[PDB]
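S.K.: My file is start-v9.tsv. It has TSV, C-alpha atoms:
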```tsv
chain	number	residue	atom	x	y	z
A	1	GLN	CA	-83.83	7.24	11.51
A	2	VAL	CA	-82.09	8.90	14.47
A	3	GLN	CA	-83.83	11.57	16.54
A	4	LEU	CA	-84.34	12.62	20.17
A	5	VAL	CA	-87.68	13.55	21.75
A	6	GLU	CA	-88.17	14.40	25.43
A	7	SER	CA	-91.13	15.24	27.65
A	8	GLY	CA	-92.00	16.21	31.22
A	9	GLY	CA	-92.02	19.94	30.51
A	10	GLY	CA	-94.29	21.82	32.90
A	11	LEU	CA	-94.28	24.95	35.04
A	12	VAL	CA	-93.68	23.92	38.66
A	13	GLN	CA	-93.39	26.26	41.63
A	14	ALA	CA	-90.45	25.68	43.95
A	15	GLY	CA	-91.16	22.88	46.41
A	16	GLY	CA	-91.92	19.88	44.18
A	17	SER	CA	-90.10	17.19	42.20
A	18	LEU	CA	-90.16	16.85	38.42
A	19	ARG	CA	-89.21	13.73	36.45
A	20	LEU	CA	-87.80	14.15	32.95
A	21	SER	CA	-87.38	11.61	30.16
A	22	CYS	CA	-86.26	11.19	26.55
A	23	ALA	CA	-86.67	8.79	23.62
A	24	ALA	CA	-83.85	7.54	21.39
A	25	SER	CA	-84.63	6.02	17.99
A	26	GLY	CA	-82.35	4.05	15.68
A	27	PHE	CA	-79.62	3.27	18.22
A	28	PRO	CA	-79.29	1.63	21.65
A	29	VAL	CA	-78.76	3.98	24.56
A	30	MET	CA	-76.37	1.59	26.35
A	31	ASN	CA	-73.63	1.92	23.72
A	32	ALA	CA	-73.85	5.72	23.51
A	33	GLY	CA	-73.00	8.78	25.59
A	34	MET	CA	-76.06	10.82	26.56
A	35	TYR	CA	-75.91	14.47	27.62
A	36	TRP	CA	-78.26	17.04	29.15
A	37	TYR	CA	-77.93	20.73	28.27
A	38	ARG	CA	-79.93	23.68	29.55
A	39	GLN	CA	-81.03	26.69	27.50
A	40	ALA	CA	-82.09	30.02	28.97
A	41	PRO	CA	-83.54	33.22	27.49
A	42	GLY	CA	-80.58	35.36	26.49
A	43	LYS	CA	-78.13	32.65	27.58
A	44	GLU	CA	-76.33	29.94	25.64
A	45	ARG	CA	-76.60	26.19	26.16
A	46	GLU	CA	-75.03	25.07	29.45
A	47	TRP	CA	-74.13	21.45	30.17
A	48	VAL	CA	-76.01	19.85	33.06
A	49	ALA	CA	-75.76	16.05	33.08
A	50	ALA	CA	-73.74	13.43	31.23
A	51	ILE	CA	-73.83	9.65	31.56
A	52	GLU	CA	-70.85	7.73	30.20
A	53	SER	CA	-71.34	4.72	27.96
A	54	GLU	CA	-69.74	1.30	28.58
A	55	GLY	CA	-69.64	1.63	32.37
A	56	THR	CA	-72.57	3.88	33.31
A	57	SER	CA	-70.73	6.63	35.17
A	58	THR	CA	-72.55	9.90	35.84
A	59	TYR	CA	-70.94	13.31	35.32
A	60	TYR	CA	-72.36	16.50	36.83
A	61	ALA	CA	-71.35	20.12	36.45
A	62	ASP	CA	-70.49	22.01	39.63
A	63	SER	CA	-73.52	24.23	39.00
A	64	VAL	CA	-75.92	21.34	39.71
A	65	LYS	CA	-73.51	18.77	41.17
A	66	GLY	CA	-74.94	16.55	43.89
A	67	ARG	CA	-78.52	17.69	43.28
A	68	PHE	CA	-80.01	15.66	40.40
A	69	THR	CA	-80.12	11.96	39.54
A	70	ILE	CA	-79.62	10.62	36.00
A	71	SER	CA	-80.17	7.01	34.94
A	72	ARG	CA	-80.46	5.03	31.71
A	73	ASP	CA	-83.28	2.56	31.05
A	74	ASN	CA	-82.70	0.20	28.12
A	75	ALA	CA	-86.16	-1.33	28.61
A	76	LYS	CA	-87.75	1.87	27.27
A	77	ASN	CA	-84.56	2.92	25.42
A	78	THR	CA	-84.48	6.28	27.21
A	79	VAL	CA	-82.66	8.35	29.82
A	80	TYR	CA	-84.36	9.57	33.00
A	81	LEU	CA	-83.19	12.70	34.82
A	82	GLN	CA	-84.75	13.58	38.17
A	83	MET	CA	-84.39	16.91	39.97
A	84	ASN	CA	-84.74	17.73	43.68
A	85	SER	CA	-86.75	20.92	44.31
A	86	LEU	CA	-85.17	22.91	41.51
A	87	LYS	CA	-84.61	26.57	42.35
A	88	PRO	CA	-86.35	29.44	40.53
A	89	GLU	CA	-82.97	30.48	39.10
A	90	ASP	CA	-82.65	26.99	37.58
A	91	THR	CA	-85.50	27.59	35.11
A	92	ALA	CA	-84.19	26.72	31.65
A	93	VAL	CA	-85.02	24.83	28.46
A	94	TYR	CA	-83.38	21.42	28.79
A	95	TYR	CA	-81.86	19.84	25.68
A	96	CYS	CA	-81.00	16.18	25.21
A	97	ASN	CA	-77.79	15.41	23.33
A	98	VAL	CA	-76.10	12.22	22.15
A	99	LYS	CA	-73.07	12.46	19.87
A	100	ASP	CA	-71.27	9.83	17.78
A	101	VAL	CA	-73.44	6.74	18.14
A	102	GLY	CA	-72.21	3.53	16.53
A	103	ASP	CA	-73.67	4.79	13.26
A	104	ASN	CA	-71.44	7.46	11.70
A	105	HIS	CA	-73.26	9.73	9.23
A	106	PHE	CA	-73.18	13.48	8.60
A	107	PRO	CA	-75.23	14.44	11.71
A	108	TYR	CA	-72.76	13.57	14.46
A	109	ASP	CA	-74.74	15.19	17.30
A	110	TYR	CA	-78.49	14.80	17.84
A	111	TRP	CA	-80.62	17.14	19.95
A	112	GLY	CA	-84.18	17.00	21.22
A	113	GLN	CA	-86.98	19.46	20.57
A	114	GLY	CA	-86.56	21.12	23.96
A	115	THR	CA	-88.88	21.28	26.98
A	116	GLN	CA	-89.36	24.44	29.04
A	117	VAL	CA	-89.65	24.03	32.82
A	118	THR	CA	-90.66	27.10	34.82
A	119	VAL	CA	-89.92	27.69	38.51
A	120	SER	CA	-91.21	30.68	40.47
B	1	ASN	CA	-61.49	-23.74	36.23
B	2	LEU	CA	-60.46	-23.59	32.57
B	3	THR	CA	-57.47	-25.78	31.85
B	4	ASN	CA	-57.02	-26.46	28.12
B	5	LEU	CA	-56.84	-22.92	26.74
B	6	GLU	CA	-54.23	-22.71	23.98
B	7	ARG	CA	-54.91	-19.32	22.34
B	8	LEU	CA	-56.46	-16.43	24.30
B	9	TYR	CA	-57.29	-12.99	22.90
B	10	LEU	CA	-58.43	-10.05	25.02
B	11	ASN	CA	-57.58	-7.10	22.78
B	12	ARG	CA	-59.55	-3.84	22.77
B	13	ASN	CA	-61.06	-3.89	26.26
B	14	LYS	CA	-60.78	-2.00	29.55
B	15	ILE	CA	-58.78	-4.32	31.82
B	16	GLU	CA	-56.46	-2.96	34.50
B	17	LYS	CA	-55.13	-6.10	36.19
B	18	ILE	CA	-54.20	-9.56	34.91
B	19	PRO	CA	-55.45	-12.06	37.54
B	20	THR	CA	-52.93	-14.43	39.07
B	21	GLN	CA	-55.15	-17.46	38.42
B	22	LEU	CA	-55.15	-16.68	34.68
B	23	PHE	CA	-51.81	-18.53	34.46
B	24	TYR	CA	-53.39	-21.73	35.77
B	25	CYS	CA	-54.05	-22.38	32.05
B	26	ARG	CA	-50.50	-23.52	31.34
B	27	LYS	CA	-51.02	-24.42	27.66
B	28	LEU	CA	-51.35	-20.86	26.33
B	29	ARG	CA	-49.42	-20.25	23.12
B	30	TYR	CA	-50.92	-17.07	21.63
B	31	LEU	CA	-51.93	-15.13	24.73
B	32	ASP	CA	-52.64	-11.55	23.66
B	33	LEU	CA	-53.78	-8.56	25.73
B	34	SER	CA	-53.19	-5.40	23.70
B	35	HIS	CA	-54.96	-2.03	23.63
B	36	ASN	CA	-55.95	-2.42	27.28
B	37	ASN	CA	-55.59	-0.20	30.32
B	38	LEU	CA	-53.14	-2.60	31.95
B	39	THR	CA	-50.73	-1.42	34.64
B	40	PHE	CA	-48.33	-4.31	35.33
B	41	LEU	CA	-47.38	-7.72	33.99
B	42	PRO	CA	-47.74	-10.28	36.81
B	43	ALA	CA	-44.65	-12.18	37.93
B	44	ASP	CA	-46.33	-15.60	37.74
B	45	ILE	CA	-45.94	-15.58	33.94
B	46	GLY	CA	-42.96	-17.89	34.41
B	47	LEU	CA	-45.43	-20.55	35.53
B	48	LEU	CA	-46.73	-20.48	31.93
B	49	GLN	CA	-43.68	-21.90	30.16
B	50	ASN	CA	-45.38	-22.84	26.87
C	1	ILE	CA	-63.18	21.93	14.04
C	2	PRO	CA	-64.46	18.51	12.89
C	3	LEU	CA	-67.73	17.44	14.48
C	4	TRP	CA	-66.64	13.77	14.28
C	5	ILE	CA	-63.57	14.18	16.50
C	6	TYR	CA	-65.35	12.54	19.45
C	7	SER	CA	-66.21	9.48	17.32
C	8	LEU	CA	-62.55	8.33	17.37
C	9	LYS	CA	-62.83	5.80	20.17
C	10	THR	CA	-59.26	4.54	19.61
C	11	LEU	CA	-57.69	8.01	19.76
C	12	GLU	CA	-54.66	8.26	22.05
C	13	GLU	CA	-53.19	11.75	21.56
C	14	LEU	CA	-55.27	14.91	21.09
C	15	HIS	CA	-53.55	18.20	20.24
C	16	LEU	CA	-55.84	21.23	20.29
C	17	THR	CA	-54.05	24.46	19.34
C	18	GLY	CA	-56.96	26.83	18.73
C	19	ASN	CA	-59.26	29.01	20.86
C	20	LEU	CA	-61.75	26.88	22.81
C	21	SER	CA	-62.99	29.92	24.79
C	22	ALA	CA	-66.40	30.55	23.25
C	23	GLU	CA	-69.14	33.00	24.31
C	24	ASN	CA	-70.00	32.58	28.01
C	25	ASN	CA	-69.59	28.80	28.16
C	26	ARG	CA	-67.33	26.54	30.20
C	27	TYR	CA	-65.75	25.15	27.01
C	28	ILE	CA	-68.90	23.40	25.82
C	29	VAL	CA	-67.15	22.79	22.48
C	30	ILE	CA	-65.05	19.98	24.00
C	31	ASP	CA	-67.85	18.58	26.19
C	32	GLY	CA	-67.51	15.39	24.14
C	33	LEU	CA	-64.00	14.71	25.45
C	34	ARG	CA	-65.52	12.28	27.97
C	35	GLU	CA	-66.34	9.92	25.09
C	36	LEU	CA	-62.66	9.17	24.41
C	37	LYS	CA	-61.77	6.53	27.00
C	38	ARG	CA	-58.50	5.68	25.20
C	39	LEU	CA	-57.04	9.19	25.48
C	40	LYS	CA	-53.49	9.29	26.84
C	41	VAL	CA	-52.09	12.68	25.76
C	42	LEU	CA	-53.92	16.02	25.74
C	43	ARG	CA	-52.24	19.21	24.50
C	44	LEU	CA	-54.81	22.00	24.73
C	45	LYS	CA	-53.41	25.38	23.65
C	46	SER	CA	-56.23	27.94	23.76
C	47	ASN	CA	-55.16	30.44	26.47
C	48	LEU	CA	-57.22	28.79	29.19
C	49	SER	CA	-58.52	30.94	32.05
C	50	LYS	CA	-60.31	28.28	34.14
```
Produce structure tokens that represent the structure in this file.

M.R.:
Amino acid sequence: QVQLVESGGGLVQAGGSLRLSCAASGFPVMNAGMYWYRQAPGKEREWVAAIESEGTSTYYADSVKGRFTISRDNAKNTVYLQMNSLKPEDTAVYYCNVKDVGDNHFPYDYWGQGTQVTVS
Amino acid sequence: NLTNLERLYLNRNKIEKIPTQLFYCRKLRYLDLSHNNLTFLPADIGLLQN
Amino acid sequence: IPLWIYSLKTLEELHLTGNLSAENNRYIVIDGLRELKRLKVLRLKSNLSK
């Protein structure tokens, strides 16, 4: 089966560093495009990080450009995203997303459960 | 280093440039590079007369 | 719109003639356009602001 599960959620006051993660099942992460979206109370999902398949090129939105680091680890079959002293206004519920893996069934996009990180 | 290549296929890749030394294999007959992000065809193709 | 549009890895021309401007998002609907590495022509028609 194909599903995404992430961890690392935890309320952290401004001044520290948090390390995220994920877990992809049923497909390799190398031959797939992984995405990071943020969800906020009363606000829709906003794209944060994207790592391009077949070449491993990182894409960042201008909102958080030049501030995070995203990498793919095929040893654990996961994607690691690391933040640098995330601001209190950056508190959001981060969503993992990978769409159109080599397998092509009715669910074309897969999302994680969602982890809430709080900054104050 | 390769010398006796007679049929080379490199379709469906991401290749921008055809190296000059590729034509050192002068016995190519079915060389094929299609569906690739190529930019130019090198002038040393005349060295591969077969 | 089809949800499998980004699965067409060999797609060359993409012609969008709808309204990609959704509710308070920077066109998140087409965030999968980075998947298509073979794209050559793009013809968005959705009254773009930014």

S.K.: Just give me the gap between CA of residue 48 (chain C) and CA of residue 27 (chain C) in Å, one decimal is fine.

M.R.: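 Taking CA of residue 48 (chain C) as the start and CA of residue 27 (chain C) as the end point, the length is 9.5 Å.
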
S.K.: Restrict the distance test to all atoms listed in the file, flag each residue of chain B within 9 Å of chain C, and return the flagged residues as a compact mmCIF listing (two decimals) with C-alpha atoms, in the frame of the given file.

M.R.:
```txt
# COMPACT_ATOMS: atom_id res chain seq x y z
CA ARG B 12 -59.55 -3.84 22.77
CA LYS B 14 -60.78 -2.00 29.55
CA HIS B 35 -54.96 -2.03 23.63
CA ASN B 36 -55.95 -2.42 27.28
CA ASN B 37 -55.59 -0.20 30.32
```

S.K.: Within 7 Å of (-48.4, -21.6, 27.4), only C-alpha atoms: residues as a ChimeraX atom specification?

M.R.: /B:6,26-29,48-50

S.K.: List the neighbours of region 93-110 of chain A out to 8 Å using all atoms listed in the file; skip same-chain residues closer than 4 positions along the sequence, and give me the result as number ranges by chain.

M.R.: A: 2-6, 22, 27, 31-40, 114-117; C: 3-4, 6-7, 32

S.K.: Between CA of residue 68 (chain A) and CA of residue 120 (chain A), what is the distance, to one decimal in Å?

M.R.: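 Taking CA of residue 68 (chain A) and CA of residue 120 (chain A), their separation equals 18.7 Å.
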
S.K.: I'd like the interatomic distance between CA of residue 88 (chain A) and CA of residue 50 (chain C), to a tenth of an Å.

M.R.: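 Taking CA of residue 88 (chain A) as the start and CA of residue 50 (chain C) as the end point, the length is 26.8 Å.
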
S.K.: Mind checking which residues fall within 9 Å of residue 16 (chain C), counting all atoms listed in the file, ignoring those fewer than 3 positions away in the same chain, and posting them as a PyMOL selection string?

M.R.: chain C and resi 19-20+42-46

S.K.: Kindly indicate which residue among B:1, B:13, B:40, B:22 lies nearest to chain A, using all atoms listed in the file for the distances.

M.R.: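 Smallest separation from chain A among the options: B:13.
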
S.K.: Using all atoms listed in the file, which of A:29, A:12, A:81, A:75 sits nearest residue 58 (chain A)?

M.R.: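 Closest candidate: A:81.
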
S.K.: I need the contact residues of chain C against chain A, so if you could list those with any atom within 12 Å, counting all atoms listed in the file, and return them as a list in words, that would help.

M.R.: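 Putting it all together, I get residues 2, 3, 4, 5, 6, 7, 8, 9, 22, 23, 24, 25, 26, 27, 28, 29, 30, 31, 32, 33, 34, 35, 36 and 37 of chain C.
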
S.K.: Just the residues within 10 Å of residue 9 (chain B), please, counting only C-alpha atoms, with nothing from its chain fewer than 3 positions along; format it as an mmCIF file with C-alpha atoms, in the coordinates of the input.

M.R.:
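For reference, selection.cif as written:
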```cif
data_model
loop_
_atom_site.group_PDB
_atom_site.id
_atom_site.type_symbol
_atom_site.label_atom_id
_atom_site.label_comp_id
_atom_site.auth_asym_id
_atom_site.auth_seq_id
_atom_site.Cartn_x
_atom_site.Cartn_y
_atom_site.Cartn_z
ATOM 1 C CA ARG B 12 -59.550 -3.840 22.770
ATOM 2 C CA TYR B 30 -50.920 -17.070 21.630
ATOM 3 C CA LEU B 31 -51.930 -15.130 24.730
ATOM 4 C CA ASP B 32 -52.640 -11.550 23.660
ATOM 5 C CA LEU B 33 -53.780 -8.560 25.730
ATOM 6 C CA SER B 34 -53.190 -5.400 23.700
#
```

S.K.: Given 6 Å on each side, where is the centre and what are the edge lengths in Å to one decimal of the axis-aligned box enclosing the listed atoms of region 20-39 of chain C, as lines of an AutoDock Vina configuration file?

M.R.:
```
center_x = -63.5
center_y = 19.3
center_z = 26.3
size_x = 25.0
size_y = 39.3
size_z = 19.7
```

S.K.: Using only C-alpha atoms, pick whichever of A:66, A:28, A:112, A:55 has the shortest atom-to-atom distance to chain B.

M.R.: A:55
